[PDB]
Amino acid sequence: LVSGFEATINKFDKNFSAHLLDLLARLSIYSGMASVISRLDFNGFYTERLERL
Amino acid sequence: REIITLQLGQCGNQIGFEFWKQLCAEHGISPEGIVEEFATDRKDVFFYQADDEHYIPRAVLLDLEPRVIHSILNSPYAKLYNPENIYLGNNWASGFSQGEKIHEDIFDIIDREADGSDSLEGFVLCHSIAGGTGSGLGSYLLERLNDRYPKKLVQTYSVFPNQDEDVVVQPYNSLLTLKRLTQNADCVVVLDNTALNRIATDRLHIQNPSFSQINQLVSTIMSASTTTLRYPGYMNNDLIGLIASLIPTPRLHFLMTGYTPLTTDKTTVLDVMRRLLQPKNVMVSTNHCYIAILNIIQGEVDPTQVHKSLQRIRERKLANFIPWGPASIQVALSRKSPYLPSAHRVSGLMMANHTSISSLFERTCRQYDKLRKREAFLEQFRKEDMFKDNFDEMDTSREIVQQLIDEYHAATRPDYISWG
Amino acid sequence: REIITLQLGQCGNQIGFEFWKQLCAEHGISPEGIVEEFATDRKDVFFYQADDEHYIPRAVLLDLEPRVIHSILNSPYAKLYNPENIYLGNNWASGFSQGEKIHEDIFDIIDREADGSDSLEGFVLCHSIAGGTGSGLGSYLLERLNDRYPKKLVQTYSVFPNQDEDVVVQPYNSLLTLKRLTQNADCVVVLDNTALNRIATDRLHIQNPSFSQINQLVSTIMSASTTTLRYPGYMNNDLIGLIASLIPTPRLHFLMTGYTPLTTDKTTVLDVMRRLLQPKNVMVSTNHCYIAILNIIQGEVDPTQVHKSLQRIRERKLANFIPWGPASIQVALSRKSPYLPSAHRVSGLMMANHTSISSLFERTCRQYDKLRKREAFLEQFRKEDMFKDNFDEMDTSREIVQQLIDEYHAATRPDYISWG
Amino acid sequence: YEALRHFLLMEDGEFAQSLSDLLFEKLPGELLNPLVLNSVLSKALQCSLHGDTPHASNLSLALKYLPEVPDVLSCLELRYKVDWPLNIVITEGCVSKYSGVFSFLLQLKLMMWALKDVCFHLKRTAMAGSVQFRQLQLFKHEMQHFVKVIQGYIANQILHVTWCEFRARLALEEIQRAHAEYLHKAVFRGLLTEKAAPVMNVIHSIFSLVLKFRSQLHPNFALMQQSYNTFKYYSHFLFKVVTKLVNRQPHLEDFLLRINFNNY
């Protein structure tokens, strides 16, 4: 639960973080208005960390 | 689904008595259980549809040196709940050993009510930490419940033992009970006795009947927390959904209590949100940061109000954040209950996972460390000696609570790929 | 932005009480704080939108030998403001030492209200110079405020200690307090007790209740000065903009008070401008020349009237000029307040930096020099001896006020590339 | 009308003290995405407590050029979209000129922001009583005073006189021409005309010296004293040029009085 678990989990985590960043980024260009992204990540981390324009 | 509520000890039977009386007044039932004509609801969460047209709650009645439980006996709310399972102190070791020798038939009592309901969601324990009567027996029964049924939830409504207090074995008892709470529970709801005492001596000018008024507070909080289960919503009509967001990991499962009116004896969502976020409308009184907050509101709520209120809460930043992730205050809306008094028409409560409770834990640990270093405050209790002649359980509990404090401080960090 | 008002001493709590009552009557609130139906405004400058639908002002209540503060307690305006921070004479040394030993929790009171508001613009101190109760504690708290927070503004509404007066240590107390005022304040608003006494004995025929009527005057002036902040204009919706033009340098920060009706118990801007410029509609009574004047008017003002009035003020030359630069009387227009009595519909007030206050300073310096040369009027106060056995603070304050007088006279010169 | 007076010409308070103040933290390498300037107006209207009205809805704050050049230049227009049955009265060619005069007023706030910067940078030193403290703040005060008297001039013309008119002309073809004259007086009394171009030309020179005075903050005192004296010579010339352009106004009679008052 620490070693093979970590190996299976981290590829899921990489894919989920990828699949989360591109959605919040592709919604952040569209401008509630920008409240949709703003509520989904209240922290503002993975909200758009790979800014576009 | 359905919740079976367990009450034990004099303080635990006191808070269960006031909670059952509160839900009796709340729902459309007499103290006998006679149906009313005004009752989107549910009456099958704490109540069995029982077999004399009284919605008899599934409650386990446990007594240990009964004084106030006798007063519970000759009462009009003894016609509401009595499935006739009453079966017989000032120490954790005494209550633990007494619970140990008779675990069989009280487990049969648990089995009877477990067979009683069709479905089950969790076990809510009316418990008092280092209350003497509740202590020891509560920790032992917690071990019995979590070992015997690994598929259900265990909830423990707990007080923090500071009542401006004589008992000097109380840090040892609270430390052993806290070891059981960290290891044998899925979630723990903790309150401070001193915080509720300060709030009660604030809102009124009462000094002597503090116990009964604190009972009113915890019963109102317990009704408010399960309103979303008792009244059908969209989420947290099961316990595990409300339990899920606040608890990020099996070690941090201790939840702060908030409720934005301290009053029941005009208003909007926006004002009660900003009124909730202060630590002096919290009923539990370096960098200290919440892991996750969840608030549930009940009233005549305009749906745009929660939206712009959460806007204001964001750009003001009046809540303490989580470094390692997003886990924030979540707006939940619930139905206003029938036959509740019409003050604070928009009323909300919050449950939150905060690292500030680590301070209270290490304070009690410091008290234990002081009395343990002095070695004059074990008092040589005979059950404490016979239970453990080497007293290594105190060392194990100290290690577990130290790991707990370290994991708290590690969750405080921006890295929680560093553990404890 | 938001102003947190501090009141201390019996005279300071008196003027704060009348000012809060004046703003309660002015804005649409009850003495409890109940909202009215008639209220371009703002109610967030002195008022917090507080949490029982009363716009409770952020006021620090300080008491030292309370007599009139007890009367403030049993009052209908004690339901307007009481955040419950009241915490406990005839000398500067006694009030200074008493403020010194308890600076911690009163600084926590300051910290509580500083955390209370979202934004902050300045600290307005209700203060009386050599008032005994206000004295010493006010100077010490001025040191605490300016040292602890260097990013905000400090304002001190001050009286000049001449009430046709027995206290002979009063020049020493006023000299030490004036040292603190010159060194530990960003701006000081000074009034003369004898000037307001003359105006009060003029407009009525009162001799005994002079204190309360003077309180009416200073409260009206304090409301009039912050009308442009409380009602949204275009400039001086922050304190520092009004503070900026009158103060050319950190040593000359003492402002004269003017207000063109002495009456509230037809009119144009042109007449009230020429009526304002005389030194006997000034409520503070060689070449003496203003550094900078600023006037604010409130009423039914035709916008051409201020234009040709300022034309007349130029070619008449009825104002005292500044040699080293341009810094002149500036016309500001503000909104007429709701629920103010309809006398003098066009009403203006002025704040001005004048070198004539150097005369009052050197008069009090001459009184101090007389009593200091005689060496019979220290009275051997024990707190004065224990605070400074050598009494070198009196010499340092004398040096600072002498440098102040020299800088005043140097600003009077056409060269202010010659300093003091 | 009384809404655009509050926002597009700024009569709402701690709105001008909030919108420009939040924008000017970026100035440029920032204020390029329309995702922070598109959101800051919605945060300013909450911070004024006269906002969130449905007439402060459809307020679009957008640029027409991307600046790749603080900076006193501005290319930002605050707009409003008029609905259908009032579009026959107010057209959306008038609102563009409201944005046009807005741009100069916003550039004016940029001066009292950079002067606020250098007044705040010196404020943390004081307590302090050095020669270098008092005699440096002496330079600052005259420079801020210049802006506050020319701001008082704008704060007379575009807000007090021209608001008293076009309320004496609303007390259907006439309404369009009434509005078109209300607009026409604002650029004429504002001295943004090509007629008053030489009196406007010196204001930019003063503004460049203010930005350089903010740039410095000590051994370089003499540089700042030199800049202050060059500023004072330029003001001494402006006082005569404004007087010469009265031979060429009623509204200009304020400005020579505003800029110097009893000094030749």
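Here is a short report on the structure shown in this document. (Residues numbered from 1 in each chain as written, not as in the entry; some residues may be left out. Chains lettered and ligands numbered in written order. Part of a larger assembly, values for the part shown. Heavy atoms only, no water.)

## Re the overall build of chain D
When helices and strands are tallied, chain D shows ten helices and two strands. Starting at the N terminus and ending at the C terminus, chain D contains elements arranged as α-α-α-β-β-α-α-α-α-α-α-α. The principal-axis extent of the C-alpha atoms belonging to chain D is close to 65 × 50 × 35 Å. Looking at chain D as a whole, 49% of its 264 residues are labelled buried. Of the roughly 13,000 Å² of accessible surface on chain D, 60% is carried by carbon and sulfur atoms. (Helix = DSSP H or I, 4+ residues; strand = E, 2+ residues; numbered from the N terminus. Buried < 20%, exposed > 50% of the residue type's maximum accessible area, 1.4 Å probe, protein only. Areas by Shrake-Rupley, 256 points an atom, 1.4 Å probe, with all protein chains shown as cover.)

## With respect to the overall build of chain A
If you tally the helices and strands in chain A, you get two helices and zero strands. The C-alpha atoms of chain A give 14 Å as radius of gyration, which overshoots the globular expectation for 53 residues (10 Å, by more than 25%). Dimensions along the principal axes, computed over C-alpha positions, put chain A at roughly 45 × 20 × 10 Å. A burial count over chain A gives 26% of its 53 residues as buried. Total accessible area on chain A is roughly 4,200 Å²; 63% of this is exposed by carbon and sulfur atoms. Distance between charge centres in chain A, computed from 6 positive and 6 negative side chains, equals 4 Å. (Rg over C-alpha atoms; globule rule 2.2 N^0.38 Å. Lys, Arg positive; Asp, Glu negative; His and termini not counted. Charge placed at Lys NZ, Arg CZ, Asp CG, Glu CD.)

## Some points on the packing of helix 11 (residues 269–276) of chain C against helix 12 (residues 303–316) of chain C
Packed helix pairs are specified by the crossing angle of their axes together with the interaxial distance, meaning the distance between the axes. All names here are of chain C. The geometry of helix 11 relative to helix 12 is characterised by a closest axis approach of 8 Å and an angle of 35° between their N-to-C directions. Remark: the crossing between helix 11 and helix 12 carries right-handed chirality. Here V269, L270, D271, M273 and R274 of helix 11 lie close against helix 12, whose contacting residues are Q305, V306, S309, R312, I313 and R316. Split by residue class, the contact of helix 11 with helix 12 holds five nonpolar, two polar and four charged. (Axes fitted to C-alpha atoms, helices over the stretch in contact; angles between N-to-C directions. Left-handed = near helix turned anticlockwise from the far one by under 90°. Contact = heavy atoms within 4.5 Å. Nonpolar A, V, L, I, M, F, W, Y, C, P; charged D, E, K, R; others polar.)

## What to know about helix 5 (residues 137–148) of chain B
Given a rise of 1.5 Å per residue, twelve residues ought to cover 16 Å, and the 16 Å separating the end C-alpha atoms of helix 5 of chain B matches this to within 8%. Here helix 5 of chain B has its buried residues at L137, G138, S139, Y140, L141, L142, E143 and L145 of chain B. (Expected span 1.5 Å × (residues − 1).)

## A word on the sheet that holds strand 3 (residues 122–126) of chain C
Strand pairing within a sheet occurs via backbone hydrogen bonds; the two strands may be parallel or antiparallel. Residues and elements named next belong to chain C. Here nine strands make up an open sheet; going across it, the order is 2-1-3-4-5-6-9-7-8 and the pairing mixed. Looking at which strands have only one partner, the edges of the open sheet turn out to be strand 2 (59–61) and strand 8 (330–334). With direction set aside, neighbouring strand axes in the sheet form an average angle of 25°. Sitting on the sheet, helix 10 (residues 239–246) touches strand 4 (153–160), strand 5 (187–192), strand 6 (254–259), strand 7 (290–298), strand 8 and strand 9 (347–354), and the angle it makes with strand 7 is about 140°. (Pairing = 2+ DSSP bridges.)

## Things to note about the packing of helix 2 (residues 16–23) of chain D against helix 3 (residues 37–44) of chain D
Residues and elements named next belong to chain D. Where helix 2 meets helix 3, the axes come as close as 9 Å, and the angle between the chain directions of the two elements is 155°. The angle between helix 2 and helix 3 places the two elements in the roughly antiparallel class. The two elements helix 2 and helix 3 meet at a crossing, and its hand is right-handed. Taken together, the residues of helix 3 that come into contact with helix 2 (itself represented by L19, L22 and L23) are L37, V40, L41 and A44. Of the residues that constitute the contact of helix 2 with helix 3, the class distribution is seven nonpolar, no polar and no charged. (Parallel < 35°, antiparallel > 145°, perpendicular 65-115°, else oblique.)

## Digging into the interface of chain C and chain D
Residue-level contacts link 46 residues of chain C with 42 residues of chain D. A per-residue breakdown of the area chain C buries against chain D is headed by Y234, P303 and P326 of chain C, which together make up 18% of the total. Scanning the region where chain C abuts chain D turns up two salt bridges. Across the pair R134 of chain D and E407 of chain C runs a salt bridge, and its minimum N-O distance is 3.1 Å. At the junction of chain C and chain D, the tally comes to eleven residue pairs in polar contact. Contributions of two or more residues to the side of chain C that touches chain D are made by helix 5 (137–148), helix 10, helix 12 and strand 8 of chain C. (Buried area = accessible area lost by both parts, 1.4 Å probe. Salt bridge = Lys/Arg side-chain N within 4 Å of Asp/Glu carboxyl O. Polar contact = N/O pair within 3.5 Å; in protein donor to acceptor, adjacent residues only side chain to side chain.)

## Quick look at the pairing of strand 9 (residues 347–354) of chain B
All names here are of chain B. The buried fraction of strand 9 is high, at eight of eight residues. What you see with strand 9 is no split at all: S347, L349, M351 and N353 on one side and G348, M350, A352 and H354 on the other are buried throughout. Taken together, the four bridges between strand 6 (residues 254–259) and strand 9 define a ladder with antiparallel strand orientation. Looking at the pairing, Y259 lines up with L349 of strand 9. Taken together, the eight bridges between strand 7 (residues 290–298) and strand 9 define a ladder with antiparallel strand orientation. What sits directly across from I297, in strand 9, is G348.

## So, the pattern of salt bridges
Under the definition given, this model contains 43 salt bridges over all chains. Taken together, the shared-partner salt bridges in this structure form one network comprising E143, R144 and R180 of chain B.

## Digging into the nonpolar core
Core analysis: the largest hydrophobic core is formed by 201 residues, its most contacted members being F361 of chain C together with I203 and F255 of chain D. Here the element with the most residues in this core is helix 5 (residues 94–123) of chain D; it accounts for 16 residues. Contact partners of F361 of chain C, with chain neighbours within four places excluded, come to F160, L178, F254, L404, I405 and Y408 of chain C. Of all hydrophobic cores here, the second largest spans 117 residues; its members include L120, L252, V269 and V306 of chain B. (Core = buried A, V, L, I, M, F, W, Y, C linked by side-chain atoms within 4.5 Å.)

## Let's talk about unusual backbone geometry
The residue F391 of chain C is not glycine, and still its phi comes out positive at about 60°. Even without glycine at this site, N58 of chain D takes up a positive phi of about 65°. Here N58 of chain D shows up in the loop between helix 3 and strand 1 (59–63). The exposed category is assigned to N58 of chain D, whose relative accessible area is 54%.

## Some details on the packing of aromatic side chains
Taken as a whole and judged by the stated rule, the model has 46 aromatic pairs over all chains. Here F160 of chain B and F361 of chain B contribute two aromatic rings whose centre-to-centre distance is 5.7 Å and whose plane-to-plane angle is 50°, an arrangement assigned as tilted. With respect to class, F160 of chain B is no different from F361 of chain B; both count as buried. Considering the side-chain rings of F361 of chain B and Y408 of chain B, the 5.9 Å spacing of their centres and the 15° angle between planes classify their relative orientation as stacked. Of this pair, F361 of chain B sits in helix 13 (residues 357–374) while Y408 of chain B sits in helix 15 (residues 392–412), and the two are 47 residues apart along the sequence. Feature note: the residues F139, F146, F221, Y228 and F231 of chain D constitute an aromatic cluster, connected by ring pairs. (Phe/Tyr/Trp six-rings, centres within 6.5 Å; stacked < 30°, edge-to-face > 60°.)

## Side note on the arrangement of the chains
There are five pairs of chains in contact here; the most contacts are made by chains C and D. The two units chain A and chain C are non-contacting; their minimal C-alpha-C-alpha distance is 21 Å.

## A short note on a nonpolar patch on the surface
Residue and element names in this part refer to chain A. A cluster of nonpolar residues, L1, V2, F5, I9 and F12, forms a patch on the protein surface that exposes about 600 Å² of accessible area. Turning to its location among the elements, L1 is positioned in the segment before helix 1 (4–28). With relative accessibility at 88%, the residue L1 sits in the exposed group. (Patch = residues over 30% accessible without salt bridge, like charges linked within 9 Å, V, L, I, M, F, W, Y side chains within 5 Å.)

## Overview of the sheet that holds strand 9 of chain B
Residues and elements named next belong to chain B. The sheet built from nine strands is open, its strands ordered 2-1-3-4-5-6-9-7-8 with mixed pairing. In the strand order of this sheet, the two ends are held by strand 2 (59–61) and strand 8 (330–334), each with one partner. Between one strand and the next, the sheet's axes are offset by a mean angle of 25°, whatever the strand orientation. Across three bridges, strand 1 (residues 3–7) lies against strand 2 in parallel orientation. Across the sheet, residue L6 finds its bridge partner in strand 2, namely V60. Taken strand by strand, helix 11 (residues 269–276) contacts strand 6, strand 7 and strand 9, and its axis lies near 145° from that of strand 7.

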